[PDB]
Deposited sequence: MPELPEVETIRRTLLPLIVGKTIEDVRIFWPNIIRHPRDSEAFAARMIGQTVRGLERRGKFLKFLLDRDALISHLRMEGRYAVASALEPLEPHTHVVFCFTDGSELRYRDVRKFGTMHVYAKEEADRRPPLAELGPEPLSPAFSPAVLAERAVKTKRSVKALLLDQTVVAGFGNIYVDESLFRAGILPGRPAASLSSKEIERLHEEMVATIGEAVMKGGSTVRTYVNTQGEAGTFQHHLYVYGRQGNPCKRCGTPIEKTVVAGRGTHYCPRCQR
């Protein structure tokens, strides 16, 4: 998931867990636990703490407890669900947080790529993986100036620039491809070749795209212009949508609308 999908998870999950106290933490795939390294220590420190809140930073979820903050990245297929501790678990459940009321928060991840870091609240934003993240796209911190500063300083493609979480946090393959189309810019061109008018236009479309996506609860898939539409006619000009590889990933675009 990207910012919109993670933001949607944050909103619906919060009311289901706020105020609940942790009684036990069970881990079925240790690799997911990154800090502390020892999964036994990870489990023991959260016992007895109550969930006080849930925030998002980039594509990360930040569970706020009493003293600690649990930082979770879903990567490609991680997902959360709340259910009764009396029912059988679903396939690929790797971590489970059991509460004192008999309910539990389950974490599933088919590909096992997700990660979890636990730090004291005051240290979380200063340690990895949150430490070097760029500004939030829906905040005053992100502006054309910030984009320009990083753009006019590299030779890599504009898609690579946008996928770099240190530049701006939250964009992935789907929204980078969609933002570039709406702004009318080819994904493979040098980030340093973009004019001042283009950068402003891109900033405008990035904010609007991510904003509309959050409103629709993420993929909004019915409002996609290019992602996954290769071979189909452009919604704006009718030219067949094409797909290639840019910055080591599948990239979708319209050869006429984007220049």
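Within the chain's deposited sequence, the coordinate-free stretches run 1, 221-234 in sequence order.
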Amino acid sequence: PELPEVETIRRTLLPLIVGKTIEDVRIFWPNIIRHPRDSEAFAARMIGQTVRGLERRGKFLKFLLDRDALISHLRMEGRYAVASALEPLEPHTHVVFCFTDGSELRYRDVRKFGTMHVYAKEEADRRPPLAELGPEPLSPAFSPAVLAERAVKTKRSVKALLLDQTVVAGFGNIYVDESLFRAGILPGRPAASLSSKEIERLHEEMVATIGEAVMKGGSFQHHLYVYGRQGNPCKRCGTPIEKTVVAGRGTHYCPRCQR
From here on, numbers count along this sequence of modelled residues.
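Annotation for 43-51 versus 227-235: the higher mean temperature factor (C-alpha) is found in 227-235.
Look at the C-alpha B-factors of 147-155 and of 170-178. On average they run higher in 147-155. For the set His117, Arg189, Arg75, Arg108, the maximum C-alpha B-factor listed in the entry falls on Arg189. When the C-alpha B factors of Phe113, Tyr80, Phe142, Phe97 are read from the deposited coordinates, the top value falls at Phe142. Sort the chain's modelled residues by C-alpha temperature factor and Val18 lands in the lowest third, per the entry. When all modelled residues of the chain are sorted by CA temperature factor, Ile71 is found within the lowest third. Compared with the other modelled residues of the chain, the Cα B-factor recorded for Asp101 ranks in the lowest third. When all modelled residues of the chain are sorted by CA temperature factor, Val245 is found within the highest third. In the PDB entry, a CA B factor belonging to the lowest third of its chain's modelled residues is recorded for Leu65.
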